[PDB]
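Chains as they are written, first to last, in this note's numbering: chain R, 1212 to 1417; chain W, 653 to 860; chain A, 1212 to 1417; chain C, 1212 to 1417; chain H, 22 to 233. Beta carbons: idealized from backbone N, C-alpha and C, even for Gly. See structure below.
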Amino acid sequence: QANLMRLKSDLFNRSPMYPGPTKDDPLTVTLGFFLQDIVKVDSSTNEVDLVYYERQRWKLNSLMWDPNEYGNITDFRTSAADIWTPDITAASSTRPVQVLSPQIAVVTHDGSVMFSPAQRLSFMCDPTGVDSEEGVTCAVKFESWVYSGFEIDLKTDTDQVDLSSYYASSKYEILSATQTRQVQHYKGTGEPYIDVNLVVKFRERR
Amino acid sequence: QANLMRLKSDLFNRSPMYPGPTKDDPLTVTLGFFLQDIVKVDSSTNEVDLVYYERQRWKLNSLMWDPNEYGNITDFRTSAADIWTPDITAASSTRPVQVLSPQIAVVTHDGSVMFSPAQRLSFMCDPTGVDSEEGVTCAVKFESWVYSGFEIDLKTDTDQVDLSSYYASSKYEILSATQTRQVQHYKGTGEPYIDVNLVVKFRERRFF
Amino acid sequence: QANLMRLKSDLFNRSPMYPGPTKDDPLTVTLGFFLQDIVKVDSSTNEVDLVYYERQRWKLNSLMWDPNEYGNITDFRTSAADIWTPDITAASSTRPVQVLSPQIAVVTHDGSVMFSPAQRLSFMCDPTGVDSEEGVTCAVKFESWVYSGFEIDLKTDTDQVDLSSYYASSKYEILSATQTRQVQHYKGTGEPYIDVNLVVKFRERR
Amino acid sequence: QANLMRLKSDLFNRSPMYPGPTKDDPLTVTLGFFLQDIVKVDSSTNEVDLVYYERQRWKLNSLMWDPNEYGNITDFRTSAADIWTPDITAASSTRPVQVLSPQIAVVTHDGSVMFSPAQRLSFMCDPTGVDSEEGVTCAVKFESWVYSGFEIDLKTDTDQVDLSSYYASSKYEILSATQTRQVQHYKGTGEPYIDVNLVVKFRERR
Amino acid sequence: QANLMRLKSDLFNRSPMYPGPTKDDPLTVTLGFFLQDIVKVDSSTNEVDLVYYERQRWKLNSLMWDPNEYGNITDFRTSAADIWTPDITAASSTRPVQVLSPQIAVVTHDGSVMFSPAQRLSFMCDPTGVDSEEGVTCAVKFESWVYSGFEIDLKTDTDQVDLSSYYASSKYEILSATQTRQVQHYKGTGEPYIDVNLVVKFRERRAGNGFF
Ligand SMILES: O=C1C[C@@H]2OCC=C3CN4CC[C@]56c7ccccc7N1[C@H]5[C@H]2[C@H]3C[C@H]46
Ligand SMILES: O=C1C[C@@H]2OCC=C3CN4CC[C@]56c7ccccc7N1[C@H]5[C@H]2[C@H]3C[C@H]46
Ligand SMILES: O=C1C[C@@H]2OCC=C3CN4CC[C@]56c7ccccc7N1[C@H]5[C@H]2[C@H]3C[C@H]46
Ligand SMILES: O=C1C[C@@H]2OCC=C3CN4CC[C@]56c7ccccc7N1[C@H]5[C@H]2[C@H]3C[C@H]46
Ligand SMILES: O=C1C[C@@H]2OCC=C3CN4CC[C@]56c7ccccc7N1[C@H]5[C@H]2[C@H]3C[C@H]46
Ligand SMILES: *[C@@H]1O[C@H](CO)[C@@H](O)[C@H](O)[C@H]1NC(C)=O
Ligand SMILES: *[C@@H]1O[C@H](CO)[C@@H](O)[C@H](O)[C@H]1NC(C)=O
Ligand SMILES: *[C@@H]1O[C@H](CO)[C@@H](O)[C@H](O)[C@H]1NC(C)=O
Ligand SMILES: *[C@@H]1O[C@H](CO)[C@@H](O)[C@H](O)[C@H]1NC(C)=O
Ligand code: NA
Ligand code: NA
Ligand code: NA
Ligand code: NA
Ligand code: NA
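Written out as structure tokens, the structure is:
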């Protein structure tokens, strides 16, 4: 533990936290979604509730070390409060997102950070058709709330959402789940910005 | 990262935070509303629930910098915790407002701040008749909870609430939505305060 | 801005916080209620929900200054966390009081503090009869939770609850609403204690 | 104001917080309940909700002073955050307990602390028979969550719950309410630990 | 109080907290569930709610002391904020776990830590057949959220869940409940990680054994 204590001390107390990207030094965050459950549907308010975890990855030079200097430690875990995290938000949620896992991130000696918050989200979705063979499709965009595409880029590794942890006895069966990067335009600043649109097609289990 | 670290350190550690406006140095805050959804109506309690974000803009001399001394940085993002923010509140909500976005603001080199919190609001609104062609009208005033018109002025860039992100499959269709500055006076004091009145006319969604 | 900064540092950093009143320096807090809505009634649990705001006022010598020493500043606003505030509570609430306003106070150069929290309160109230012409009466006492009448006195400017912001399209119509100082007793110390009794008579709107 | 600030500084700043009891110095905590309302009953989940305040009392040498050194102050009120408080918990609650009053304690010159939190509690209770002349009985134990009887003893000043603030128009009428110290032994350890059993027999109001 | 204050000062104020385990100093955490109640079942959303506490136990050399040097104190209690705690999470919860107990741990002189948080948990469970004789079975896996099997091992003291504080008048009777260590592997990555699988077989209560 002494070497990990040194490393954490060297990375966190010896300088300020990363202040976020800039135009001069923009940042790529990769996202993927792992969908666990569609919990419920409210046809009186057109809200659907999802449970998923969201893998976020990025890389900072300020978080690199040489494993040789610290007992060959090649990665560690630390509170998400110790580091900068991207301001990724659901654009059409109808309640504050609920946090379902520990807010802890993994940091690798090359400066890669992996943060995988599990979340319960209520979002804008009209579920009319869900009690049918064809089912229903809803979507919700994830984006940095404040950064433009000059500062933050969002990427995915695959446009296919991971269903390997989807609850087999959910009330709702998944027919398709995609995560698609998109470039939007903001009129206020004239600048592009990026979202990942999560689109889920689902039906009441037969 | 270096220059941005320096800028933030210079602005936030090398002085205390803006203490808010006074009568000798008043402040103008511009507001506008981007209405996203009428989620829910409750005809048993006369409460309606709205999702929207609120664009807030103000300018402070103490937040200005010369980009040439900071690697040509012209703006940055920072947590709303690092700066003063106006105490704007819905005057007729029935629940604590829920925050739906990161509490982060954009600060520009001229000292302009833009802060755009997304919110869910339950407020006082009689939905009797919302299942009709004419729909219903409800209104909610936004104001500083503690500052009068001698310290804080509120204004809008437009009268029209922005409906470009309004949810197309909401249970409720928006018929109109306006945001209007009003000058009020508190009880018998004759002392002025300003609000922005959010008036929304809507009906149950509907040939189709 | 700098004069206000100086004032606040002089008041808050150069002395600790007011420790609360004592038998020998008791404090008077004036309360007034501004009723906004009876939001709902639950006849199966005998709980009624009110929205109001609560004007609180008190005066401390430690918060006085001379406006001429501070660029003619006569009043300022500050976070209620920066100052002492009285522990006024509804004695028969059935849920934690929910806060509907910014927790900021107004301080005037004579040492007067005004704090006006808005609140949603569930409290004990049998609404049986609300659907008639005569209506129903319910009441709730507000008091310091830990101070006696020897440390904290409560007073009202007026017996009449202010209804100038009562919602005109409330499900419930206010027939009368008073706020009346009362003196109480308690055999655990014998000391008197003060409450403001909010008495509201209402019915379903016609 | 000044004597009180000096006293509070002497007690809280000049020394750290009481760290809790030990086998060598055990601590007796007295409890007493003041039952305000049975707010509701859920027969589909066997949960009942009570509102009450719970008087907690203990005594620490470290909180003593001589009134003559502090201008004859014989007591004061302070934030419960300033002092150690016992970790008493309802052992069969079904929801986190909701705090209904300011978390402020009374400290006396002899080192006695009195802390009286108002609370709403959902707990495990089968209300079958509540609508009958006999009514129903439910119980919940209150105990230290982490201390044995070697460190903490609990007791009551009376075995009768105080009903003098019980809500007179509650849906539920109280037939008896008792509070009784009990000595338990953990599994096969022989190690004692104490609880106060709150037993309430109630029925639907005639 | 003085001997305890010294002890706490020497353990917490002279060094930082345990930073967690690493591949070269891995940690074993022991978990035990004490099931108190199945509070409700929601057949419209396939969520069930449990009340339980969860005994967690682990041992750190950095929290050891000689009782001789501290007035024979052999253990103490302290706020869970003062120490490292393991990031154990239920993997199929559908709401944030609700905390029902004070967040305080017990630390012994050998450097053992025992933290027993009382919880209400909603989790993914299809209750279809819960009204029958044989009832229904649901499962929830508990695991470190960020550590793999190279840094954290989880085990149980025994496979039977402790039912000695299960509510005698719950709406639901427990037919069995077990807590079993499992080895998983993440995706195709080949890399192990451990869970404790909480498996509860339950039915709506009926008086008598229900099969006669
Ligand atoms: O600086 C802003 C302000 C505004 O905030 C409301 C939310 C918005 C949704 N996304 C999030 C990032 C944002 C954007 C793009 C490019 C530069 C700045 C920037 N934002 C927000 C903006 C809109 C549009 C866009
Ligand atoms: O006298 C008051 C108290 C009252 O407090 C509740 C909140 C209010 C919102 N704003 C903040 C300042 C205030 C106002 C304006 C002019 C003189 C007095 C005065 N205040 C508050 C008042 C209302 C209205 C207004
Ligand atoms: O010191 C106390 C403790 C006790 O706390 C439970 C609630 C109570 C209701 N009111 C609030 C103030 C109080 C009171 C009156 C006179 C001196 C001290 C004092 N309090 C509380 C008391 C009871 C009674 C009373
Ligand atoms: O060994 C234990 C663990 C168990 O933890 C859950 C909470 C409990 C409440 N109190 C706190 C101390 C305890 C107890 C008493 C005597 C020896 C061991 C012991 N504890 C906890 C125990 C229960 C019961 C009791
Ligand atoms: O690659 C990952 C990411 C993923 O993150 C979500 C949470 C998980 C719970 N534990 C924590 C460590 C982890 C794991 C084990 C072995 C290799 C990679 C790996 N992780 C996480 C993983 C799951 C599963 C497992
Ligand atoms: C940034 O600022 C410098 C000097 O302050 C100026 O010469 C130029 O316009 C900008 N960028 C450079 C030189 O990269
Ligand atoms: C304050 O009032 C004085 C006269 O009483 C006046 O000369 C001056 O303009 C005011 N000062 C400030 C700083 O506003
Ligand atoms: C305090 O008590 C002393 C001793 O009985 C008494 O003489 C004096 O009147 C009191 N002092 C103050 C400052 O109130
Ligand atoms: C602790 O134990 C020692 C050695 O067994 C014994 O001599 C003594 O009585 C105890 N010391 C204290 C300080 O209580
Ligand atoms: Na959002
Ligand atoms: Na989880
Ligand atoms: Na408000
Ligand atoms: Na508990
Ligand atoms: Na209260």
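Quiz item: In its own chain, which residues sit with a C-beta less than 7 Å from the C-beta of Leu1374 of chain C, not counting the 5 before and 5 after it?
Solution: Excluding the 5 residues flanking it on each side, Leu1374 of chain C has same chain C-beta neighbours closer than 7 Å at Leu1246, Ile1385 and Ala1388, in chain order.
Exercise. Show which residues of chain C have a CB atom less than 7 Å away from the CB atom of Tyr1229 of chain A.
Key: Result: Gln1212.
Quiz item: Which residue or residues does DSSP assign as beta-bridge partners of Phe163 of chain H?
Solution: DSSP lists H:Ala111 and H:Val217 as partners of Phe163 of chain H.
Quiz item: Closer than 7 Å: is that where the CB of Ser122 of chain H sits relative to any heavy atom of ligand 13?
Solution: True, at least one ligand heavy atom lies under 7 Å from that Cβ.
Quiz item: Does the beta carbon of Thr66 of chain H come closer than 8 Å to any beta carbon on chain R?
Solution: Taking Cβ atoms only, chain R reaches closer than 8 Å to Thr66 of chain H, which makes this a yes.
Exercise. Determine the chain A residues that contact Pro1278 of chain C at a beta-carbon separation under 9 Å, and present them in chain order.
Key: What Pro1278 of chain C touches in chain A: nothing, since even the nearest Cβ is about 11 Å away.
Self-check item: chain R within 8 Å of residue 19 of chain H, Cβ atoms only
Solution: Residue 19 of chain H falls outside the range modelled here, since chain H spans only 22 to 233, and no answer is possible.
Practice problem: Please classify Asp811 of chain W: is it buried, with 16 or more other beta-carbons within 10 angstroms of its beta-carbon, or exposed? | Solution: Classification for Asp811 of chain W: exposed.
Quiz item: In its own chain, which residues sit with a C-beta less than 6 Å from the C-beta of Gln124 of chain H, not counting the 5 before and 5 after it?
Solution: The answer, listed in chain order, is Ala101.
Quiz item: Among R:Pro1328, R:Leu1261 and R:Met1216, which has the Cα closest to the Cα of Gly1282 of chain R?
Solution: Minimum Cα distance to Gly1282 of chain R is reached at R:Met1216.
Self-check item: Any chain R beta carbon closer than 8 Å to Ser774 of chain W
Solution: Judged by the 8 Å Cβ criterion, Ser774 of chain W is not in contact with chain R.
Quiz item: Is the beta carbon of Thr1285 of chain R within less than 7 Å of some heavy atom of ligand 12?
Solution: False, no ligand heavy atom lies under 7 Å from that Cβ.
Quiz item: Using the beta-carbon of each residue, which ones in chain H are nearer than 8 Å to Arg1306 of chain C?
Solution: Chain order gives the chain H residues near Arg1306 of chain C as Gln119, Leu121 and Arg141, where near means a beta carbon separation below 8 Å.
Practice problem: For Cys1336 of chain C, I'd like the list of residues in its chain whose CB is within less than 7 Å of its CB, leaving aside the five on either flank, ordered along the chain. | Solution: Within the same chain, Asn1257, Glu1258, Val1259 and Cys1349 come within 7 Å of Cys1336 of chain C by CB-CB distance, once the 5 residues on both sides are set aside.
Quiz item: Looking at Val798 of chain W and ligand 2, is the gap between the Cβ and the nearest heavy atom below 7 Å?
Solution: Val798 of chain W Cβ: within cutoff of ligand 2.
Quiz item: Using a Cβ-Cβ distance under 8 Å, would residue 1198 of chain R count as near chain H?
Solution: No answer is possible for residue 1198 of chain R: it lies beyond the span of chain R, which begins at 1212 and ends at 1417.
Exercise. Could you tell me whether any Cβ in chain W is nearer than 8 Å to the Cβ of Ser1375 of chain R?
Key: Contact of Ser1375 of chain R with chain W is not assigned, every C-beta pair being separated by 8 Å or more.
Exercise. Less than 8 Å between the CB atoms is what I'm expecting for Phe1287 of chain A and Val1341 of chain A, so what's the real figure, rounded?
Key: Rounded to whole angstroms, the Cβ separation of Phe1287 of chain A and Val1341 of chain A is 44 Å, and the two are not in contact under 8 Å.
Quiz prompt | Reduced DSSP category for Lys1251 of chain C - H, G, I as helix; E, B as strand; rest coil | solution = Here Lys1251 of chain C sits in strand by DSSP.
Quiz item: Do we get a CB-CB distance below 8 Å when we pair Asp739 of chain W with the residues of chain A?
Solution: Yes, because at least one Cβ of chain A sits closer than 8 Å to the Cβ of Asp739 of chain W.
Quiz item: Between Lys1219 of chain R and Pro37 of chain H, what straight-line distance do the alpha-carbon atoms span, to the nearest angstrom?
Solution: Going from the Cα of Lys1219 of chain R to the Cα of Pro37 of chain H covers about 11 Å.
Self-check item: the stretch 1346 to 1368 of chain R: positions lying closer than 7 Å to chain W by Cβ
Solution: Residues of the stretch 1346 to 1368 of chain R that bring their beta carbon within less than 7 Å of a beta carbon in chain W comprise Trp1356, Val1357 and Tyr1358, in sequence order.
Quiz item: List, in order along the chain, the chain W residues whose C-beta lies closer than 7 Å to that of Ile1315 of chain A?
Solution: Result: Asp739, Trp797 and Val798.
Self-check item: Under 8 Å between C-beta atoms of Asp1406 of chain R and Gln1393 of chain R
Solution: Taking the C-beta atoms as reference points, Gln1393 of chain R is found nearer than 8 Å to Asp1406 of chain R.
Quiz item: Does the beta carbon of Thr680 of chain W sit closer than 8 Å to a beta carbon anywhere in chain A?
Solution: No, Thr680 of chain W lies away from the interface with chain A (no Cβ there is under 8 Å from its Cβ).
Quiz item: Since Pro678 of chain W contacts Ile804 of chain W with CB under 8 Å, what's their CB separation in whole angstroms?
Solution: At roughly 7 Å, the Cβ-Cβ gap stays under 8 Å, so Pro678 of chain W and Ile804 of chain W are in contact.
Quiz prompt | Exposure of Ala654 of chain W, with buried meaning 16 or more beta-carbon neighbours within 10 Å | solution = It is exposed - the Cβ of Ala654 of chain W has fewer than 16 other Cβ atoms within 10 Å.
Quiz prompt | C-beta atoms of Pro1403 of chain R and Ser1333 of chain R nearer than 8 Å | solution = Against a cut-off of 8 Å, the Cβ pair of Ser1333 of chain R and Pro1403 of chain R comes out as no contact.
Quiz item: Buried or exposed: where does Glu1265 of chain C fall if 16 or more other Cβ atoms within 10 Å of its Cβ makes it buried?
Solution: Residue environment: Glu1265 of chain C is assigned as buried (16 or more neighbouring CB atoms within 10 Å of its CB, all protein chains considered).
Exercise. Answer with buried or exposed for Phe1353 of chain A, where buried requires no fewer than 16 other C-beta atoms within 10 angstroms of its C-beta.
Key: Around the C-beta of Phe1353 of chain A, 16 or more other C-beta atoms lie within 10 Å, and the residue is accordingly described as buried.
Quiz item: Which whole-angstrom value is the C-beta distance of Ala1329 of chain A and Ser1303 of chain A, which I expect to be below 8 Å?
Solution: About 20 Å separates the two Cβ atoms, so there is no contact after all.
Quiz item: Which residues, in chain order, does the stretch 826 to 845 of chain W contribute to contact with chain A at a C-beta distance below 9 Å?
Solution: Only those residues of the stretch 826 to 845 of chain W whose C-beta falls short of 9 Å from the nearest C-beta of chain A are listed: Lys839.
Quiz item: In terms of DSSP beta bridges, what is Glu786 of chain W paired with?
Solution: DSSP, once it has assigned bridges, lists no residue as partnering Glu786 of chain W.
Exercise. Whole angstroms is fine: what's the gap from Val758 of chain W's alpha carbon to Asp1248 of chain A's?
Key: Those two C-alpha atoms are separated by around 37 Å.
Quiz item: What separation, rounded to the nearest whole angstrom, lies between the Cα atoms of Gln708 of chain W and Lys1398 of chain R?
Solution: Distance between the alpha carbons of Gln708 of chain W and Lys1398 of chain R is about 16 Å.
Quiz item: Are the CB atoms of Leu1409 of chain A and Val1240 of chain A nearer to each other than 8 Å?
Solution: Their beta carbons are not under 8 Å apart, which means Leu1409 of chain A does not touch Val1240 of chain A by this criterion.
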